[PDB]
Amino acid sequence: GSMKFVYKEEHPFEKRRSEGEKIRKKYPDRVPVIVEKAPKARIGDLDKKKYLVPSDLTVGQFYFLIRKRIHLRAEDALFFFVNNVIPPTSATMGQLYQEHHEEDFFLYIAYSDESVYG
């Protein structure tokens, strides 16, 4: 856990697990992700926490899409953290999910502008 995820506070485990399992079966070429801003990161907050993303989507393209979504400058820093490790920009969401998904069948990603976060 790269963060204290608000999503986990607001949804009980078995509801999460049942949903993540169902979604993995229904959409085998996508992976269910929870994306939350690090709490003290002074950057834009996303409106939604819960996403279903292409398994072949790279981290680098996700960064680009987030920049476009929240108007985070091309020149400013943006990092993902999965279990406190920053994935390479070439990593895919499917690769990260396979290695790091939780027991509720979701992958949890924190984002921040701070390289040394956590």
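In case it trips you up, residue 1 is the first one in the sequence shown, and so on. Just so we're on the same page, rigid core means the largest C-alpha set that superposes within 1.5 Å between forms.
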Higher-deviation stretch (C-alpha RMS, rigid core fit) in 7 other deposited structures of this protein, choosing from 27-35 and 59-67 = 59-67
remark   = Comparing 68-76 with 48-56, larger root-mean-square C-alpha distance from this form in 7 other deposited structures of this protein, core superposed, belongs to 68-76
message = Mean CA temperature factor from the deposited coordinates, higher in 84-92 or in 23-31?
response = 23-31
remark   = Comparing mean C-alpha B factor in the record for 44-52 and 58-66, the higher one is 44-52
